[PDB]
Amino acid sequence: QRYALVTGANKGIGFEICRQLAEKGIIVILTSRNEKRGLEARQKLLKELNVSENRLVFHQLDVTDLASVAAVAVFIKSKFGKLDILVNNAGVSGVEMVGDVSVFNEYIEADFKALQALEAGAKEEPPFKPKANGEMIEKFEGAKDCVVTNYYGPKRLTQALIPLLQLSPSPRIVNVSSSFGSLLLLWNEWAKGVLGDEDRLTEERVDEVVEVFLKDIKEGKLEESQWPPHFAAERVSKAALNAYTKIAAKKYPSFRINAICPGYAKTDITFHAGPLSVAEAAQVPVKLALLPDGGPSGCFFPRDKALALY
């Protein structure tokens, strides 16, 4: 019997990760920061799955609350005694929209094009301003929430769950990341060098990168300090997550710990734009959660590479 914990599972990709893992016979701990949303999600998913009540368990979990993190570990130890799969899916964007919310999607599409060009050898991300009558506002509070949810959350939950995962015969961690964490998009040369220097990577060095970023946005210095012009907190947080994925895979060599991009999928975070359904997106993290023993660890996989792994 295998047990999987999925964070941010009341909606979006995380909800579908729960569906797909439960369909594979894994006992799923569906977690969410809001109790009512998570209980309702469990009820809906249990109905749709049409399976026995024991297949899907709810527990509260806010990945930014250290008490909540500790209590979920106590719960798993008492009820199940081990954990086999951790999916760090919860995430936020750090952006507030003013006006036409579809500007958010315009930025995503611009960024995908920029990434493709940079991966093909171009040396700069083109400036971009949107067409529609909206704007993405990126303030300190949202940036802090993004880093704490998207980077410290997976780090702290991983750390809290090591003892339980160590009791699995095939421990798996999947970090739902983004191709926008690419160092090519990070702008900050110091941070790119630190995160890119894999042999010297430590948790302390990654923490320093994200804390320097937060101080800069607090002080209104994002441009002058060479951070991204937009999606700054998202990019920093996913880059940091990718780096922590490598750190953790090295520290816990018997585990398989990987980061993925699920693809651009219609969820609340994207204002329900993007080519993929939530069910399609969840195929990616589920693929890495079910990776056979001996498979890659410490890697970042975009969607098509993840799905081709086996």
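Residue numbers here begin at 1 and follow the sequence given.
- Just going by the entry, 52 to 60 versus 37 to 45 on mean CA temperature factor gives the higher value to 52 to 60.
- According to the PDB record, 197 to 205 carries the higher mean C-alpha B-factor of the two stretches 139 to 147 and 197 to 205.
- Of the candidates 232, 176, 122, 103, the one whose C-alpha carries the top B factor in the deposited record is 122.
- Of the residues listed, 237, 182, 166, 88, the entry assigns the biggest Cα temperature factor to 166.
- When the modelled residues of the chain are ordered by C-alpha B-factor, residue 67 sits in the middle third.
- Sorting the modelled residues of the chain by their CA temperature factor places residue 107 in the lowest third.
- Residue-level temperature factors show residue 26 in the highest third of its chain, judged at the C-alpha atom.
- Per the deposited record, the Cα B-factor of residue 14 falls in the lowest third when ranked against the other modelled residues of its chain.
- In the deposited entry, the Cα temperature factor of residue 222 sits in the top third of values across the chain's modelled residues.
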